[PDB]
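Novice: Data: input_28.pdb, PDB, C-alpha atoms and all ligand atoms.
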ATOM      1  CA  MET A   1       1.229  -1.440 -12.142
ATOM      2  CA  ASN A   2       0.156  -2.285  -8.601
ATOM      3  CA  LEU A   3       3.081  -3.159  -6.442
ATOM      4  CA  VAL A   4       4.033  -3.898  -2.854
ATOM      5  CA  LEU A   5       7.636  -3.628  -1.676
ATOM      6  CA  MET A   6       8.632  -5.638   1.346
ATOM      7  CA  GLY A   7      11.972  -6.208   3.009
ATOM      8  CA  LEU A   8      13.495  -6.200   6.454
ATOM      9  CA  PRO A   9      14.514  -2.784   7.819
ATOM     10  CA  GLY A  10      17.345  -1.356   5.668
ATOM     11  CA  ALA A  11      16.917  -3.833   2.808
ATOM     12  CA  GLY A  12      16.491  -0.997   0.308
ATOM     13  CA  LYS A  13      12.769  -0.338  -0.118
ATOM     14  CA  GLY A  14      13.065   3.458  -0.260
ATOM     15  CA  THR A  15      16.111   3.325  -2.515
ATOM     16  CA  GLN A  16      14.452   1.031  -5.028
ATOM     17  CA  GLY A  17      11.026   2.606  -4.674
ATOM     18  CA  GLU A  18      12.372   6.067  -5.570
ATOM     19  CA  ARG A  19      13.975   4.613  -8.707
ATOM     20  CA  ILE A  20      10.813   2.724  -9.670
ATOM     21  CA  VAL A  21       8.563   5.826  -9.597
ATOM     22  CA  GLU A  22      11.057   7.979 -11.427
ATOM     23  CA  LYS A  23      10.743   5.534 -14.357
ATOM     24  CA  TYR A  24       7.208   4.153 -14.057
ATOM     25  CA  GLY A  25       4.312   6.525 -13.704
ATOM     26  CA  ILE A  26       2.992   5.501 -10.275
ATOM     27  CA  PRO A  27       2.914   7.117  -6.776
ATOM     28  CA  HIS A  28       5.361   6.060  -4.079
ATOM     29  CA  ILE A  29       3.320   5.379  -0.921
ATOM     30  CA  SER A  30       5.553   4.672   2.088
ATOM     31  CA  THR A  31       3.784   4.211   5.435
ATOM     32  CA  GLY A  32       7.065   4.927   7.237
ATOM     33  CA  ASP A  33       7.428   8.216   5.328
ATOM     34  CA  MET A  34       3.769   9.063   5.994
ATOM     35  CA  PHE A  35       4.178   8.492   9.775
ATOM     36  CA  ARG A  36       7.461  10.342   9.953
ATOM     37  CA  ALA A  37       6.009  13.338   8.065
ATOM     38  CA  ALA A  38       3.128  13.369  10.565
ATOM     39  CA  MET A  39       5.663  13.237  13.412
ATOM     40  CA  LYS A  40       7.774  16.024  11.883
ATOM     41  CA  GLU A  41       4.659  18.217  11.562
ATOM     42  CA  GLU A  42       3.278  17.238  14.999
ATOM     43  CA  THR A  43      -0.126  16.194  13.672
ATOM     44  CA  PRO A  44      -2.524  13.971  15.702
ATOM     45  CA  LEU A  45      -1.497  10.983  13.525
ATOM     46  CA  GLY A  46       2.113  11.829  14.348
ATOM     47  CA  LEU A  47       1.451  11.977  18.069
ATOM     48  CA  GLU A  48      -0.257   8.537  17.967
ATOM     49  CA  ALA A  49       2.432   6.900  15.781
ATOM     50  CA  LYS A  50       5.368   8.377  17.709
ATOM     51  CA  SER A  51       5.183   6.207  20.851
ATOM     52  CA  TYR A  52       5.489   3.089  18.630
ATOM     53  CA  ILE A  53       8.023   4.362  16.088
ATOM     54  CA  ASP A  54      10.433   5.760  18.687
ATOM     55  CA  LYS A  55      10.632   2.287  20.248
ATOM     56  CA  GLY A  56      10.950   0.425  16.947
ATOM     57  CA  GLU A  57       7.499  -1.158  17.351
ATOM     58  CA  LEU A  58       4.857  -1.413  14.668
ATOM     59  CA  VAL A  59       2.084   1.193  14.667
ATOM     60  CA  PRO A  60      -1.209  -0.658  15.372
ATOM     61  CA  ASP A  61      -3.028  -2.095  12.332
ATOM     62  CA  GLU A  62      -6.273  -0.105  12.630
ATOM     63  CA  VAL A  63      -4.848   3.386  12.009
ATOM     64  CA  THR A  64      -2.195   2.103   9.582
ATOM     65  CA  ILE A  65      -4.788   0.409   7.399
ATOM     66  CA  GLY A  66      -7.024   3.519   7.666
ATOM     67  CA  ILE A  67      -4.397   5.932   6.363
ATOM     68  CA  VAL A  68      -3.511   3.615   3.483
ATOM     69  CA  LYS A  69      -7.127   3.069   2.457
ATOM     70  CA  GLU A  70      -7.669   6.838   2.293
ATOM     71  CA  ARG A  71      -4.380   7.298   0.408
ATOM     72  CA  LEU A  72      -5.176   4.633  -2.243
ATOM     73  CA  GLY A  73      -8.524   6.264  -3.017
ATOM     74  CA  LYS A  74      -6.802   9.325  -4.525
ATOM     75  CA  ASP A  75      -6.816  10.069  -8.274
ATOM     76  CA  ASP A  76      -3.059   9.660  -8.523
ATOM     77  CA  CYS A  77      -3.466   5.894  -7.875
ATOM     78  CA  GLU A  78      -5.771   5.320 -10.898
ATOM     79  CA  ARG A  79      -2.958   3.875 -13.018
ATOM     80  CA  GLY A  80      -1.168   1.998 -10.266
ATOM     81  CA  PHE A  81       0.769   2.531  -7.042
ATOM     82  CA  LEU A  82       3.901   1.453  -5.191
ATOM     83  CA  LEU A  83       3.205   0.514  -1.591
ATOM     84  CA  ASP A  84       6.429   0.554   0.373
ATOM     85  CA  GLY A  85       6.464  -1.054   3.830
ATOM     86  CA  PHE A  86       2.746  -1.829   3.767
ATOM     87  CA  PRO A  87       1.434  -4.446   4.292
ATOM     88  CA  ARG A  88       3.821  -5.422   7.073
ATOM     89  CA  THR A  89       1.541  -7.989   8.746
ATOM     90  CA  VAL A  90      -0.791 -10.723   7.535
ATOM     91  CA  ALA A  91      -3.753  -8.804   9.005
ATOM     92  CA  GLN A  92      -2.694  -5.725   7.037
ATOM     93  CA  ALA A  93      -2.379  -7.875   3.858
ATOM     94  CA  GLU A  94      -5.861  -9.352   4.371
ATOM     95  CA  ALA A  95      -7.325  -5.888   4.830
ATOM     96  CA  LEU A  96      -5.547  -4.640   1.699
ATOM     97  CA  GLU A  97      -6.816  -7.602  -0.308
ATOM     98  CA  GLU A  98     -10.385  -6.489   0.352
ATOM     99  CA  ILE A  99      -9.529  -2.837  -0.335
ATOM    100  CA  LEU A 100      -7.945  -3.639  -3.734
ATOM    101  CA  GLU A 101     -10.633  -6.177  -4.719
ATOM    102  CA  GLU A 102     -13.327  -3.467  -4.698
ATOM    103  CA  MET A 103     -11.023  -0.967  -6.540
ATOM    104  CA  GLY A 104     -10.404  -3.593  -9.244
ATOM    105  CA  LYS A 105      -6.680  -3.043  -8.589
ATOM    106  CA  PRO A 106      -5.181  -6.349  -7.372
ATOM    107  CA  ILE A 107      -1.421  -6.631  -6.725
ATOM    108  CA  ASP A 108       0.800  -7.525  -9.703
ATOM    109  CA  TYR A 109       3.980  -8.261  -7.730
ATOM    110  CA  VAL A 110       4.846  -8.327  -4.110
ATOM    111  CA  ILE A 111       8.535  -7.667  -4.335
ATOM    112  CA  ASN A 112      10.496  -9.043  -1.422
ATOM    113  CA  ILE A 113      13.898  -7.356  -1.403
ATOM    114  CA  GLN A 114      15.976 -10.149   0.194
ATOM    115  CA  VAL A 115      18.881  -9.059   2.362
ATOM    116  CA  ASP A 116      20.597 -11.200   5.013
ATOM    117  CA  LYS A 117      19.645  -9.865   8.467
ATOM    118  CA  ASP A 118      23.381  -9.939   9.363
ATOM    119  CA  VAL A 119      24.207  -6.926   7.166
ATOM    120  CA  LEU A 120      21.223  -4.743   8.029
ATOM    121  CA  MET A 121      22.626  -3.116  11.172
ATOM    122  CA  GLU A 122      25.446  -1.733   9.036
ATOM    123  CA  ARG A 123      22.989  -0.478   6.385
ATOM    124  CA  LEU A 124      20.964   1.413   9.013
ATOM    125  CA  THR A 125      23.566   2.836  11.374
ATOM    126  CA  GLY A 126      25.480   4.180   8.332
ATOM    127  CA  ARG A 127      22.424   5.753   6.766
ATOM    128  CA  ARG A 128      22.439   9.578   6.473
ATOM    129  CA  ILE A 129      19.639  11.844   5.253
ATOM    130  CA  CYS A 130      19.639  15.446   4.101
ATOM    131  CA  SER A 131      17.968  17.801   6.570
ATOM    132  CA  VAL A 132      16.795  19.942   3.626
ATOM    133  CA  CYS A 133      15.761  17.687   0.727
ATOM    134  CA  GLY A 134      15.586  14.222   2.282
ATOM    135  CA  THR A 135      18.096  12.626  -0.093
ATOM    136  CA  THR A 136      19.540   9.411   1.370
ATOM    137  CA  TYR A 137      23.207   8.456   1.632
ATOM    138  CA  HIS A 138      25.268   5.723   3.283
ATOM    139  CA  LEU A 139      28.618   6.499   4.986
ATOM    140  CA  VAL A 140      30.337   3.657   3.181
ATOM    141  CA  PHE A 141      28.070   2.258   0.474
ATOM    142  CA  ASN A 142      26.716   5.459  -1.076
ATOM    143  CA  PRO A 143      28.568   8.384   0.431
ATOM    144  CA  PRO A 144      28.289  12.109  -0.258
ATOM    145  CA  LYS A 145      31.221  14.013  -1.763
ATOM    146  CA  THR A 146      31.816  15.881   1.510
ATOM    147  CA  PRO A 147      31.052  13.854   4.652
ATOM    148  CA  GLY A 148      27.984  15.228   6.460
ATOM    149  CA  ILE A 149      26.920  17.491   3.568
ATOM    150  CA  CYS A 150      24.352  16.813   0.818
ATOM    151  CA  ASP A 151      25.672  16.909  -2.777
ATOM    152  CA  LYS A 152      22.459  18.530  -4.111
ATOM    153  CA  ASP A 153      21.822  21.550  -1.894
ATOM    154  CA  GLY A 154      24.594  21.494   0.754
ATOM    155  CA  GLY A 155      22.161  20.552   3.520
ATOM    156  CA  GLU A 156      23.497  19.010   6.705
ATOM    157  CA  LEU A 157      23.040  15.230   6.870
ATOM    158  CA  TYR A 158      21.535  13.570   9.914
ATOM    159  CA  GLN A 159      20.909  10.140  11.372
ATOM    160  CA  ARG A 160      17.323   8.899  11.719
ATOM    161  CA  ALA A 161      16.329   8.709  15.371
ATOM    162  CA  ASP A 162      15.509   5.009  15.112
ATOM    163  CA  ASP A 163      18.805   4.047  13.367
ATOM    164  CA  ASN A 164      20.729   3.306  16.550
ATOM    165  CA  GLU A 165      21.776  -0.218  17.603
ATOM    166  CA  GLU A 166      19.135  -0.690  20.313
ATOM    167  CA  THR A 167      16.204   0.418  18.177
ATOM    168  CA  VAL A 168      17.468  -1.313  15.020
ATOM    169  CA  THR A 169      17.695  -4.542  16.985
ATOM    170  CA  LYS A 170      14.062  -4.090  18.062
ATOM    171  CA  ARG A 171      12.934  -3.179  14.552
ATOM    172  CA  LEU A 172      14.632  -6.283  13.144
ATOM    173  CA  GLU A 173      12.975  -8.549  15.756
ATOM    174  CA  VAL A 174       9.547  -6.974  15.288
ATOM    175  CA  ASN A 175       9.686  -7.167  11.539
ATOM    176  CA  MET A 176      11.276 -10.608  11.344
ATOM    177  CA  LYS A 177       8.413 -11.886  13.465
ATOM    178  CA  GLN A 178       5.875 -10.735  10.855
ATOM    179  CA  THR A 179       8.006 -11.720   7.810
ATOM    180  CA  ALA A 180       7.752 -15.493   7.322
ATOM    181  CA  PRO A 181       3.951 -15.414   7.851
ATOM    182  CA  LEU A 182       3.563 -12.600   5.291
ATOM    183  CA  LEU A 183       5.887 -14.224   2.711
ATOM    184  CA  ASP A 184       3.902 -17.465   3.110
ATOM    185  CA  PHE A 185       0.651 -15.499   2.667
ATOM    186  CA  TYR A 186       1.727 -13.921  -0.626
ATOM    187  CA  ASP A 187       3.538 -16.969  -1.993
ATOM    188  CA  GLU A 188       0.286 -18.910  -1.691
ATOM    189  CA  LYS A 189      -1.490 -16.131  -3.643
ATOM    190  CA  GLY A 190       1.058 -16.666  -6.411
ATOM    191  CA  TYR A 191       2.622 -13.238  -7.001
ATOM    192  CA  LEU A 192       5.436 -13.014  -4.493
ATOM    193  CA  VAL A 193       8.776 -12.452  -6.211
ATOM    194  CA  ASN A 194      12.080 -12.451  -4.344
ATOM    195  CA  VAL A 195      14.774 -10.159  -5.620
ATOM    196  CA  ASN A 196      18.385 -10.269  -4.463
ATOM    197  CA  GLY A 197      18.896  -7.004  -2.558
ATOM    198  CA  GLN A 198      22.535  -7.757  -1.767
ATOM    199  CA  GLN A 199      24.007  -6.203  -4.928
ATOM    200  CA  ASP A 200      24.901  -2.646  -5.952
ATOM    201  CA  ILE A 201      21.833  -0.390  -6.023
ATOM    202  CA  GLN A 202      22.038  -0.177  -9.824
ATOM    203  CA  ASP A 203      22.130  -3.973 -10.116
ATOM    204  CA  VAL A 204      19.141  -4.552  -7.833
ATOM    205  CA  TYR A 205      17.286  -1.964  -9.907
ATOM    206  CA  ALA A 206      18.278  -3.710 -13.160
ATOM    207  CA  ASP A 207      16.782  -6.996 -11.884
ATOM    208  CA  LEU A 208      13.649  -5.079 -10.904
ATOM    209  CA  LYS A 209      13.263  -3.550 -14.407
ATOM    210  CA  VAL A 210      13.192  -7.011 -16.000
ATOM    211  CA  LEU A 211      10.082  -7.842 -13.958
ATOM    212  CA  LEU A 212       8.416  -4.439 -14.017
ATOM    213  CA  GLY A 213       8.626  -3.971 -17.805
ATOM    214  CA  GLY A 214       5.792  -6.507 -18.071
ATOM    215  CA  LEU A 215       3.480  -4.089 -16.274
ATOM    216  CA  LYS A 216       4.565  -0.929 -18.197
TER     217      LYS A 216
HETATM  218  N1  LIG A 301       2.791  -1.003   7.598
HETATM  219  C1  LIG A 301       3.168  -0.606   8.810
HETATM  220  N2  LIG A 301       2.552  -1.046   9.923
HETATM  221  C2  LIG A 301       2.905  -0.670  11.139
HETATM  222  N3  LIG A 301       3.921   0.150  11.355
HETATM  223  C3  LIG A 301       4.567   0.649  10.278
HETATM  224  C4  LIG A 301       4.225   0.290   8.990
HETATM  225  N4  LIG A 301       5.054   0.928   8.149
HETATM  226  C5  LIG A 301       5.875   1.681   8.908
HETATM  227  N5  LIG A 301       5.607   1.479  10.195
HETATM  228  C6  LIG A 301       6.274   2.119  11.372
HETATM  229  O1  LIG A 301       7.108   3.155  10.838
HETATM  230  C7  LIG A 301       8.479   2.872  11.149
HETATM  231  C8  LIG A 301       9.395   3.313  10.002
HETATM  232  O2  LIG A 301       9.054   2.541   8.869
HETATM  233  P1  LIG A 301      10.065   2.580   7.583
HETATM  234  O3  LIG A 301      10.510   3.963   7.481
HETATM  235  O4  LIG A 301       9.473   1.893   6.435
HETATM  236  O5  LIG A 301      11.333   1.744   8.178
HETATM  237  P2  LIG A 301      11.901   0.309   7.677
HETATM  238  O6  LIG A 301      10.865  -0.561   7.083
HETATM  239  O7  LIG A 301      12.714  -0.146   8.847
HETATM  240  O8  LIG A 301      12.840   0.615   6.484
HETATM  241  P3  LIG A 301      13.838   1.790   6.309
HETATM  242  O9  LIG A 301      13.159   2.973   5.760
HETATM  243  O10 LIG A 301      14.637   1.909   7.513
HETATM  244  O11 LIG A 301      14.813   1.083   5.213
HETATM  245  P4  LIG A 301      14.655   0.910   3.634
HETATM  246  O12 LIG A 301      14.387  -0.510   3.318
HETATM  247  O13 LIG A 301      13.748   1.955   3.096
HETATM  248  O14 LIG A 301      16.157   1.186   3.228
HETATM  249  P5  LIG A 301      16.783   2.444   2.485
HETATM  250  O15 LIG A 301      16.406   2.286   1.042
HETATM  251  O16 LIG A 301      16.562   3.722   3.188
HETATM  252  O17 LIG A 301      18.278   2.025   2.631
HETATM  253  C9  LIG A 301      18.923   2.010   3.940
HETATM  254  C10 LIG A 301      20.441   2.286   3.834
HETATM  255  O18 LIG A 301      21.102   1.304   2.998
HETATM  256  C11 LIG A 301      21.666   1.938   1.822
HETATM  257  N6  LIG A 301      21.402   1.016   0.702
HETATM  258  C12 LIG A 301      20.264   0.809   0.012
HETATM  259  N7  LIG A 301      20.457  -0.135  -0.913
HETATM  260  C13 LIG A 301      21.726  -0.546  -0.795
HETATM  261  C14 LIG A 301      22.497  -1.501  -1.466
HETATM  262  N8  LIG A 301      21.950  -2.224  -2.463
HETATM  263  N9  LIG A 301      23.778  -1.678  -1.082
HETATM  264  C15 LIG A 301      24.313  -0.947  -0.102
HETATM  265  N10 LIG A 301      23.618  -0.030   0.565
HETATM  266  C16 LIG A 301      22.319   0.179   0.224
HETATM  267  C17 LIG A 301      20.996   3.301   1.713
HETATM  268  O19 LIG A 301      21.913   4.255   1.173
HETATM  269  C18 LIG A 301      20.645   3.634   3.159
HETATM  270  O20 LIG A 301      21.731   4.232   3.858
HETATM  271  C19 LIG A 301       8.494   1.354  11.407
HETATM  272  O21 LIG A 301       9.626   0.980  12.210
HETATM  273  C20 LIG A 301       7.187   1.185  12.178
HETATM  274  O22 LIG A 301       7.323   1.701  13.525
HETATM  275 MG    MG A 302      12.227   3.666   3.692
HETATM  276 ZN    ZN A 303      19.923  17.907   0.260
END
Before we go any further, please render this structure as structure tokens.

Specialist:
Amino acid sequence: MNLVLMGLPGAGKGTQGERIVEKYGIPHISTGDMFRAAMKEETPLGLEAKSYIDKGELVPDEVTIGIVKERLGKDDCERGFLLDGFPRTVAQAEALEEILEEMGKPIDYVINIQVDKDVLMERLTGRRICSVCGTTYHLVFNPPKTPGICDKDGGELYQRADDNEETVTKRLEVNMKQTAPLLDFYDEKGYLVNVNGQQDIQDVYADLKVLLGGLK
């Protein structure tokens, strides 16, 4: 089960990806999570990625492709993988094609989680994350029991540094710009599927199960 998740910022890739790997026995590989972990830990990768991420720009292709290639070579990817937020550009997709060709692990579905750009600011500015366990909430759409406090371990919730109006606007522009070309790229390959991401989380996941069961 070799999958790519794509979607505009806030469309629900992490939310769906976490659900997918809980059920299906494959690793969740998020380039955003990888970069942010590097930033949190102040590693050289973090220091390089930070100047781009803080502005809402894409990290350059060379390093991004490099870290994914190394990640996909690990034993935990032998039975499949869920790439979340990679590829994000046609160049990245072309590089990944070659990578997966030699592994004998070509993509089964590129899942485009479709969400109207007009609702994505609200998804992102309302996002809250636990400082302790990383569990994700939304102020309105998926709130904790006590505002500002995680249900699981009582950790304080915070707002991602890039989830402010200015940076979200940049992220949407940057990612929109790469979107139509990438959708066209995969559609021509034949395994792009669009899923309606503008439903309750449970209902988006239900639609996803109907497709993914064929790869179980
Ligand atoms: N390949 C690459 N190349 C170059 N640079 C790269 C790169 N990959 C990463 N980068 C760099 O790293 C940065 C960060 O990347 P990344 O962390 O991937 O940011 P992103 O793609 O903007 O996506 P998010 O993580 O913000 O949103 P999501 O789709 O995961 O939504 P979530 O499920 O959390 O949901 C969001 C909110 O909505 C809520 N929600 C989810 N689903 C629903 C629903 N169905 N209804 C209502 N609310 C919902 C959630 O509770 C939550 O509050 C990039 O900006 C770039 O700088
Ligand atoms: Mg995410
Ligand atoms: Zn927590």

Novice: Just want the 10 Å neighbourhood of residue 180 in chain A, counted on all atoms listed in the file, with same-chain residues fewer than 4 positions away dropped. Output as a PyMOL selection string.

Specialist: chain A and resi 89-90+175-176+184-185

Novice: Around (8.1, -1.3, 2.5) in the file's own coordinates, what residues are found within 7 Å if you use only C-alpha atoms, given back as a list in words?

Specialist: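 Nearby residues: residues 5, 6, 7, 13, 30, 83, 84, 85 and 86 of chain A.
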
Novice: Between A:56, A:181, A:134, A:155, which has the minimum distance to residue 91 in chain A (counting only C-alpha atoms)?

Specialist: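 Looking only at the distances to residue 91 in chain A, the closest residue turns out to be A:181.
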
Novice: How would you write, as a short mmCIF file (atom, residue, chain, number, x, y, z; two decimals) with C-alpha atoms, keeping the file's coordinate frame, the residues chosen by the PyMOL selection byres (((chain A and resi 58) around 9) and not hetatm) on this structure?

Specialist:
data_model
loop_
_atom_site.label_atom_id
_atom_site.label_comp_id
_atom_site.auth_asym_id
_atom_site.auth_seq_id
_atom_site.Cartn_x
_atom_site.Cartn_y
_atom_site.Cartn_z
CA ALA A 49 2.43 6.90 15.78
CA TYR A 52 5.49 3.09 18.63
CA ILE A 53 8.02 4.36 16.09
CA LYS A 55 10.63 2.29 20.25
CA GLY A 56 10.95 0.42 16.95
CA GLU A 57 7.50 -1.16 17.35
CA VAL A 59 2.08 1.19 14.67
CA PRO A 60 -1.21 -0.66 15.37
CA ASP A 61 -3.03 -2.10 12.33
CA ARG A 88 3.82 -5.42 7.07
CA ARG A 171 12.93 -3.18 14.55
CA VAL A 174 9.55 -6.97 15.29
CA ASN A 175 9.69 -7.17 11.54
#

Novice: What residues of the protein or nucleic acid chains come within 9 Å of ligand MG 302 (chain A) when you use all atoms listed in the file? Reply as a PyMOL selection string.

Specialist: chain A and resi 9-15+17+30-33+84-85

Novice: Write out as a ChimeraX atom specification each polymer residue (protein, DNA or RNA) that has an atom no more than 7 Å from ligand ZN 303 (chain A), with all atoms listed in the file counted.

Specialist: /A:130-135,150-155

Novice: Kindly save the residues from that selection, with C-alpha atoms included, as a PDB file, keeping the file's coordinate frame.

Specialist:
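Generated output (out_13.pdb):
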ATOM      1  CA  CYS A 130      19.639  15.446   4.101  1.00  0.00           C
ATOM      2  CA  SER A 131      17.968  17.801   6.570  1.00  0.00           C
ATOM      3  CA  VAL A 132      16.795  19.942   3.626  1.00  0.00           C
ATOM      4  CA  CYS A 133      15.761  17.687   0.727  1.00  0.00           C
ATOM      5  CA  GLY A 134      15.586  14.222   2.282  1.00  0.00           C
ATOM      6  CA  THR A 135      18.096  12.626  -0.093  1.00  0.00           C
ATOM      7  CA  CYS A 150      24.352  16.813   0.818  1.00  0.00           C
ATOM      8  CA  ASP A 151      25.672  16.909  -2.777  1.00  0.00           C
ATOM      9  CA  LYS A 152      22.459  18.530  -4.111  1.00  0.00           C
ATOM     10  CA  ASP A 153      21.822  21.550  -1.894  1.00  0.00           C
ATOM     11  CA  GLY A 154      24.594  21.494   0.754  1.00  0.00           C
ATOM     12  CA  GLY A 155      22.161  20.552   3.520  1.00  0.00           C
TER      13      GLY A 155
END

Novice: Quick one: residues within 7 Å of residue 138 in chain A, all atoms listed in the file, excluding same-chain residues fewer than 6 positions away - as a list in words?

Specialist: residues 126, 127 and 128 of chain A

Novice: Could you take the residues named above and write them with C-alpha atoms, as a PDB file, in the coordinates of the input?

Specialist:
ATOM      1  CA  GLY A 126      25.480   4.180   8.332  1.00  0.00           C
ATOM      2  CA  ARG A 127      22.424   5.753   6.766  1.00  0.00           C
ATOM      3  CA  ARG A 128      22.439   9.578   6.473  1.00  0.00           C
TER       4      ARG A 128
END

Novice: How about completing range 180-195 of chain A with N, CA, C and O atoms and giving it to me as a PDB file, keeping the file's coordinate frame?

Specialist:
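Below is the file that was written, selection.pdb:
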ATOM      1  N   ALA A 180       8.046 -14.176   7.878  1.00  0.00           N
ATOM      2  CA  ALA A 180       7.752 -15.493   7.322  1.00  0.00           C
ATOM      3  C   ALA A 180       6.248 -15.673   7.119  1.00  0.00           C
ATOM      4  O   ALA A 180       5.855 -16.167   6.070  1.00  0.00           O
ATOM      5  N   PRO A 181       5.403 -15.262   8.104  1.00  0.00           N
ATOM      6  CA  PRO A 181       3.951 -15.414   7.851  1.00  0.00           C
ATOM      7  C   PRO A 181       3.452 -14.622   6.625  1.00  0.00           C
ATOM      8  O   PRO A 181       2.607 -15.114   5.874  1.00  0.00           O
ATOM      9  N   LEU A 182       3.990 -13.426   6.405  1.00  0.00           N
ATOM     10  CA  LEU A 182       3.563 -12.600   5.291  1.00  0.00           C
ATOM     11  C   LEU A 182       4.068 -13.132   3.946  1.00  0.00           C
ATOM     12  O   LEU A 182       3.299 -13.186   2.954  1.00  0.00           O
ATOM     13  N   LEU A 183       5.320 -13.577   3.917  1.00  0.00           N
ATOM     14  CA  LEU A 183       5.887 -14.224   2.711  1.00  0.00           C
ATOM     15  C   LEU A 183       5.066 -15.463   2.331  1.00  0.00           C
ATOM     16  O   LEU A 183       4.696 -15.639   1.167  1.00  0.00           O
ATOM     17  N   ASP A 184       4.771 -16.302   3.320  1.00  0.00           N
ATOM     18  CA  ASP A 184       3.902 -17.465   3.110  1.00  0.00           C
ATOM     19  C   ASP A 184       2.536 -17.059   2.549  1.00  0.00           C
ATOM     20  O   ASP A 184       2.033 -17.693   1.617  1.00  0.00           O
ATOM     21  N   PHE A 185       1.946 -15.999   3.109  1.00  0.00           N
ATOM     22  CA  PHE A 185       0.651 -15.499   2.667  1.00  0.00           C
ATOM     23  C   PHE A 185       0.685 -15.167   1.178  1.00  0.00           C
ATOM     24  O   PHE A 185      -0.136 -15.654   0.411  1.00  0.00           O
ATOM     25  N   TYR A 186       1.642 -14.338   0.773  1.00  0.00           N
ATOM     26  CA  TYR A 186       1.727 -13.921  -0.626  1.00  0.00           C
ATOM     27  C   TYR A 186       2.162 -15.022  -1.589  1.00  0.00           C
ATOM     28  O   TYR A 186       1.685 -15.076  -2.719  1.00  0.00           O
ATOM     29  N   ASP A 187       3.073 -15.878  -1.149  1.00  0.00           N
ATOM     30  CA  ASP A 187       3.538 -16.969  -1.993  1.00  0.00           C
ATOM     31  C   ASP A 187       2.365 -17.851  -2.378  1.00  0.00           C
ATOM     32  O   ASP A 187       2.300 -18.337  -3.521  1.00  0.00           O
ATOM     33  N   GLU A 188       1.442 -18.051  -1.439  1.00  0.00           N
ATOM     34  CA  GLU A 188       0.286 -18.910  -1.691  1.00  0.00           C
ATOM     35  C   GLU A 188      -0.647 -18.243  -2.696  1.00  0.00           C
ATOM     36  O   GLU A 188      -1.325 -18.936  -3.455  1.00  0.00           O
ATOM     37  N   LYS A 189      -0.679 -16.907  -2.689  1.00  0.00           N
ATOM     38  CA  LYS A 189      -1.490 -16.131  -3.643  1.00  0.00           C
ATOM     39  C   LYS A 189      -0.910 -16.228  -5.053  1.00  0.00           C
ATOM     40  O   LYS A 189      -1.649 -16.133  -6.038  1.00  0.00           O
ATOM     41  N   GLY A 190       0.404 -16.389  -5.142  1.00  0.00           N
ATOM     42  CA  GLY A 190       1.058 -16.666  -6.411  1.00  0.00           C
ATOM     43  C   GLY A 190       1.898 -15.566  -7.025  1.00  0.00           C
ATOM     44  O   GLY A 190       2.575 -15.799  -8.032  1.00  0.00           O
ATOM     45  N   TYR A 191       1.896 -14.379  -6.417  1.00  0.00           N
ATOM     46  CA  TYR A 191       2.622 -13.238  -7.001  1.00  0.00           C
ATOM     47  C   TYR A 191       3.712 -12.612  -6.127  1.00  0.00           C
ATOM     48  O   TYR A 191       4.137 -11.472  -6.352  1.00  0.00           O
ATOM     49  N   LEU A 192       4.197 -13.370  -5.152  1.00  0.00           N
ATOM     50  CA  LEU A 192       5.436 -13.014  -4.493  1.00  0.00           C
ATOM     51  C   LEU A 192       6.603 -13.270  -5.433  1.00  0.00           C
ATOM     52  O   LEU A 192       6.711 -14.359  -6.001  1.00  0.00           O
ATOM     53  N   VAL A 193       7.468 -12.270  -5.594  1.00  0.00           N
ATOM     54  CA  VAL A 193       8.776 -12.452  -6.211  1.00  0.00           C
ATOM     55  C   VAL A 193       9.881 -11.973  -5.263  1.00  0.00           C
ATOM     56  O   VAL A 193       9.817 -10.863  -4.706  1.00  0.00           O
ATOM     57  N   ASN A 194      10.882 -12.817  -5.072  1.00  0.00           N
ATOM     58  CA  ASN A 194      12.080 -12.451  -4.344  1.00  0.00           C
ATOM     59  C   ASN A 194      13.128 -11.897  -5.277  1.00  0.00           C
ATOM     60  O   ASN A 194      13.446 -12.502  -6.319  1.00  0.00           O
ATOM     61  N   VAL A 195      13.669 -10.752  -4.893  1.00  0.00           N
ATOM     62  CA  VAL A 195      14.774 -10.159  -5.620  1.00  0.00           C
ATOM     63  C   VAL A 195      15.974 -10.086  -4.695  1.00  0.00           C
ATOM     64  O   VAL A 195      15.828  -9.843  -3.486  1.00  0.00           O
TER      65      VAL A 195
END
